[PDB]
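If you read the sequences in order, they're chains A and B. Per the working numbering: the first sequence = residues 121 to 216. Per the working numbering: the second sequence = residues 165 to 351. Just so you know, even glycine gets a beta-carbon here, dropped at the ideal spot from N, CA and C. Written out below as structure tokens is the structure these notes cover.
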Amino acid sequence: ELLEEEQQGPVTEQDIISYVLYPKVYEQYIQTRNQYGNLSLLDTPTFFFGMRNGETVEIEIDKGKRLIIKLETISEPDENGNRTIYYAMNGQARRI
Amino acid sequence: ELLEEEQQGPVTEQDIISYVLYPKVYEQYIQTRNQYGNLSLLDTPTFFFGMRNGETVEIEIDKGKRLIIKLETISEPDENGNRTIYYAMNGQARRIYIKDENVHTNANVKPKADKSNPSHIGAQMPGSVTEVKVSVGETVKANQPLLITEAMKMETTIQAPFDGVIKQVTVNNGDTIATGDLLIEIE
């Protein structure tokens, strides 16, 4: 009940023991997954380090599905302390 | 007859005595006018200083006609020392390339070599370029020295892996190099 109330929907028997065995950790894994998604798919050097300027990285999402990302530049922090990363993803200009 | 030949076509009487009076200066005014447009329309602070990161500026072109320009970011220089300015003009994304007058080209970022491409020669480890021995469009033998780099008070020359022609040299004398930097391309 508790997991199906926190997450609101699908919960497996794997989720249940995972929570019982590691309450704090399971929960924290969900918060991270909610934010960044499936991090297993990223390659290790991209996972630990991110990306350099003018780099292109492939991420195999499925059979014949993959993300193509190019990191162009990163801006200087603004007044709020926020930097603008200029991206190119799947032939589409993107800003984060 | 002279001025109309040089320029596009339209020349006024005011153009003519402006030349006569100040030949070289008038001819310079035209070269700048052809390069940058009408600078007198710029506000003075912008005219002398350009723009700071994140600044929005207005240029009164005429009644109801103005340029709203925002300077978003200035990139690090490429191997040629060309910085990419990220602009916003009248709600349109815009990119402009400007050559940086460095002094020493140690701020230049070289693209990484493609390790699967045999044409691409990459830097084995970090150093500085001591001597460039080839230029673009030069046929070279196998084992021919084509770049001398210094690591840690140690010189190690880079040589051609096969017979071929140089497509690009991304480095000049005194430039810093990093592990994996593209340096040469050959056929």
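Does the CB of residue i have a neighbour CB from chain A at under 8 Å?
i: B:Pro275; result: yes
i: B:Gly218; result: yes
Quick check on the DSSP output: the alpha helix (DSSP H) that includes residue i runs from which residue to which?
i: B:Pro309; result: Taken as a continuous stretch (DSSP letters only), B:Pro309 belongs to no alpha helix (DSSP H), being part of the beta strand (DSSP E) at 309-314.
i: B:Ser292; result: Per DSSP, B:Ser292 belongs to no alpha helix (DSSP H); it is in the beta strand (DSSP E), 291-296.
i: B:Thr343; result: Counting along the chain, B:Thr343 falls outside any alpha helix (DSSP H), and DSSP gives it neither H nor E.
i: B:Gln199; result: 187-200
What residue range is occupied by the uninterrupted beta strand (DSSP E) comprising residue i?
i: B:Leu235; result: 229-238
i: B:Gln323; result: 319-323
i: B:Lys331; result: 328-333
i: B:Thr248; result: 246-253
i: A:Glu180; result: 175-182
i: B:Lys263; result: 256-263
i: B:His268; result: First-last for B:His268: undefined, no H or E at that position.
When you compare the CB of residue i with every CB in chain B, is at least one pair closer than 8 Å?
i: A:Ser195; result: yes
*Going along the region 197-212 of chain A in order, which residues come within less than 9 Å of chain B, judged by CB to CB distance?*
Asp198, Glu199, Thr204, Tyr206
Members of the region 160-171 of chain A that neighbour chain B once the beta carbon cut-off is set at 8 Å:
none
Item to check | the region 225-236 of chain B: positions lying closer than 8 Å to chain A by Cβ | outcome: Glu236
Worksheet item: Three or more beta-carbon pairs under 8 Å between the region 271-280 of chain B and the region 340-349 of chain B, yes or no?
Response: yes
Is there contact here, the region 280-300 of chain B with the region 313-329 of chain B, by at least three beta-carbon pairs under 8 Å?
yes
- Could you tell me whether the region 231-240 of chain B touches the region 250-265 of chain B, using the rule of 3 or more Cβ pairs below 8 Å? Counting Cβ pairs under 8 Å, three or more are found: they touch.
| Are the region 238-246 of chain B and the region 293-313 of chain B touching by the rule of at least three beta carbon pairs closer than 8 Å? | Because the criterion of three Cβ pairs below 8 Å is not met, the region 238-246 of chain B and the region 293-313 of chain B do not touch.
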